[PDB]
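Quick setup: the C-alpha cells below cover two forms of a single protein chain, split into structure 1 and structure 2.
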Structure 1
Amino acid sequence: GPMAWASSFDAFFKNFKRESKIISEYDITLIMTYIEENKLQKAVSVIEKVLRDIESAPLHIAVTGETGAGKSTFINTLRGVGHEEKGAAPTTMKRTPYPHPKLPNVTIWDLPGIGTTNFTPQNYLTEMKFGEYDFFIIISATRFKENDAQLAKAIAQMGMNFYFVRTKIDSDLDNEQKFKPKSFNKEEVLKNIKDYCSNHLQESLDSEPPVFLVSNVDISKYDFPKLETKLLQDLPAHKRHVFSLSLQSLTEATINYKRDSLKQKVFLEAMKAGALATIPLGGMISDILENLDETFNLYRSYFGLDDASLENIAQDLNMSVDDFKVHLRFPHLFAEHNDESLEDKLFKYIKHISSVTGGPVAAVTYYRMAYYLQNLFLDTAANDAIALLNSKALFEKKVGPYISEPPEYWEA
C-alpha cells in the first residue's frame, strides 16, 4: 500500500549516482510526503509535471574563446559531428547556433572572444544573450587571458556556471615526449599547465577555479570524463536527462549515465501509470512488445545500436553487421532460449526487480509489464554498447556466445 510505495520509491532513487538523479532530493521528499499522507493525486501531479519538464527541457551551451583554441572542433566533438559534415562548425562577431543533429532541444552556441570585441564583460553578456544559456565553456589552447578571468567573474555575479577548458593537451604531451624521450613525465606536464592556468585565473576570481585539460580528438582521455561529471553535477536535476542523452556512447561512464537516466525516467512513467497490487500477467506479452516497438528503436538509437551505426564497428572487425549481431544480446532478448517460456522468465525477473527496492518483509509494489520490458531492454542495450567499445579483445576471449554482460537479474 501507500507506505510500501513511498519506501520503494525512495529505495529506487538511492541506487543512483548523485550527479545522475533526474529529480531533486526535495522532489523525492514532496512525492514521499504526498504518498504517505494519502494525497496520491497530488503525488501523480508532481510526477506528471516533472516528466513534462524533463521531456521539454531545452539545453543551450555557450562556448567562448579566441580563434586557434579548438572551439569549432570542441563544438563538433560535443555534438558527435564530423569536421566535413553538414551542420559542422567550420574549422565572425555575432553568436552562431549549432543544433545537436539527434536531439531537437539541444543547441551549442559559438560566441566570439570578448577580445574580438570592444565590450565590457557585463555588456558582452547582454550582447550574447547570457540569460539563454545553461552554462558557459571558456576555451583556450594556451594560458588564459585576464579577459577570460573578468568574463568568468561577471558570469559568477549573474549566478551562472562557467568551466575553463584547456584544449590541445595531446599536442603538448606529444611535443614534450619527443623533446625529452628519456625523462618525459606526463603527470608533471599536466600539473604544470593546470597550475599555471588556475594560478593566473585566480588573480581576479573569488577562489581557485578548476581547469579541465582535454583533447578534442579523444573525448575519453584526460579531464573530459571529469568535465562531463561536473557538468551533470551542476545542472538542475530535470536537465540531467537531456544532457545525458547529448553525451557520446564512447566510454562505459557515458553509456551508464544514459542507462541510469533512462531507467529513472521509465520508473517515473511507471509511477504515473500507477502501482499494482499483483504481478501483471504475461498473456498478451507479444502485443505489449509490439506497442513498445517505436520505444525500443529509440533506445537502440540512443546507444548506437541502430543498424546504420553497427556498420562502422562491423567493418572495423572486418565482419558483416549480421555476423556481429549474433554476439549481441538485444536482438534475441525476447526470444525463447532453452525452451524456457518468455512469460515464466518475466515472472522470475519481476520478483527479483521488485525485491531489490522492496526487500523481504513489506507489501511488494508491482508496475505494468511494459515497465519491466523497458527496464530489461535498457540494461541489455547498455551492456551491448559497453561490449562494442572493446569488441576485438572480447571476441578473441570467447566468454560464451555473447560478448556483453547479461542484464541484471534476467538469467538464472
Structure 2
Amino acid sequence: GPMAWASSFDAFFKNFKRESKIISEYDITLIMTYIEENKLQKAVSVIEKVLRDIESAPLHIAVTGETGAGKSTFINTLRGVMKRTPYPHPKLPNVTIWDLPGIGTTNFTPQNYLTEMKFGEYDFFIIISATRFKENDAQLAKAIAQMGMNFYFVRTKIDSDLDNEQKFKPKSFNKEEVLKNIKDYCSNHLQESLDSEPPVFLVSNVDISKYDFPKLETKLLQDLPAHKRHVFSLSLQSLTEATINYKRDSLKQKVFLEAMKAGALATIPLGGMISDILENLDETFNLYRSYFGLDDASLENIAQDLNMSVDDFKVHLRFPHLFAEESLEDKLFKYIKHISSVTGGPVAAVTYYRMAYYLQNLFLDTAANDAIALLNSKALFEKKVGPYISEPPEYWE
C-alpha cells in the first residue's frame, strides 16, 4: 500500500534526465514521506501546490550585448519569429525575451547597469557578441554572479565567419580550427577577469540546431529551478530531436502529477467509456499538437515540400489514428500492464483518471515521435517507398 505507491512515484521520476525534472529532489522526498506515512491527502496538496507553481511560472530572459551582435535576429530565432525592450513569445504569453542595450553602449558601471535594467526580473542573462567579449562584458558577468544569478556568454554569427573563411581558403578550409580559435580567444580573455573559466557557446543567429546551441539549452535547463523547467521546455523550438524529447519528458512528468492530483483520492467511480475520456481530452490533445508543431497550420508547409495534402501527409503520421477499432481497450490493457510492471504506474485510485493518464502518456510519446519524423520528412518518406531496406554506406549514398 503506502510503501508501494511511494516506490512507483520514486521509480517514475528516476526515469528522466536530471536537467529535465520539473520537481526537486526535496519535493520528491516530501511527497514520498507523506505517502509512506499514509498521509495521501497531504501528499496531494503538495502536488497541487507544485503544479500551481509550474503552470504559473513566468520566464524572463535578458539578452545583453551590442547592436552589431545581431541581437534582433537572435531574439526572433529564440521565439520562432538605452532602454530595454520586451519581446513576448508568440505561443507563450508568460515568456518574454528582453533586448538590453550593450553596457558599453550605455556608460553605466556594471552594478548601475544591472539596477537600471531591473536585473531582479530575469531568470538568467545571455551576454551576446558577434566578435569577442570585452573586459566590460566580463565585469558585467562578475556583477551578475555576485547577485547570485546566472549568465551565459554566447558568440554569434559563427556561420558568417565560417563562410568568409571558406570563400577565402576553399581548399584548406578547416571548420574545426576556426571554431577552436574563436572559442579559445573568447575563453582566454574572460578567464583573466573572471574568477573561473566561463564556458563560451558558439552559435548561429538563424539556426538553433547548430554548433553549441544544443549544449546551451541543456545547461540553461540544468541551472533553472526545477519548477521553471516546464515553461522553458515549452518555449524551445521543436527543431531537434533533443528539444522535442525535452518537451516530451516535461509533459509526461506533468501529466503524471496531474493524475495524482485528480485521482489519488477520488472514490465514487466516474464511469463512462474510453470513447468518453477521449472526447473529453480532445482539446488537451490539440494543445499537445500545438506544442509539437503538429497542428494543421504547421503541417501545411511540410506537406507541400512532399507534394502532398495535409490529409495525405497525416496518413503517414501516427497521432491521428492512435485510437481505432482487436479493440482499443484490449490494446490499452496490455499497454498498462507493460508500463506498470516497469515503473508501477500513476498514483490514481480512480479509473477515469488512471485511463486519462495512460491515454495522455501514449499521445505524448506518439506526438513526439511524429515531430521527430517531421525533421526529415521528405527523406524518410522517399527511403520508405524506395527499395533499400538498410542504411547507405558512409560517404556514398
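Structure 1 provides the reference sequence; residues are numbered from 1 along it. Basically, rigid core = biggest C-alpha set you can superpose within 1.5 Å across the two forms.
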- Item | Candidates 276, 205, 103, 298 - which moves between structure 1 and structure 2, C-alpha at least 2 Å, core fixed | 276
- Core-aligned C-alpha movement of residue 58 between structure 1 and structure 2, 2 Å or more: no
- Is it true that residue 364 shifts between structure 1 and structure 2 by 2 Å or more at the Cα, once the core is aligned? yes
- residue 22 C-alpha relocation of at least 2 Å between structure 1 and structure 2, rigid core basis: no
- Item | Value in Å for the CA shift of residue 377 between structure 1 and structure 2, taken after the core is superposed | 0.3
- Message: What does the CA of residue 406 shift by between structure 1 and structure 2 after fitting on the core? Give it in Å to one decimal.
- Response: 23.2
- Note on the structure: After superposing on the rigid core, the Cα of residue 189 moves between structure 1 and structure 2 by an amount in angstrom of 1.0
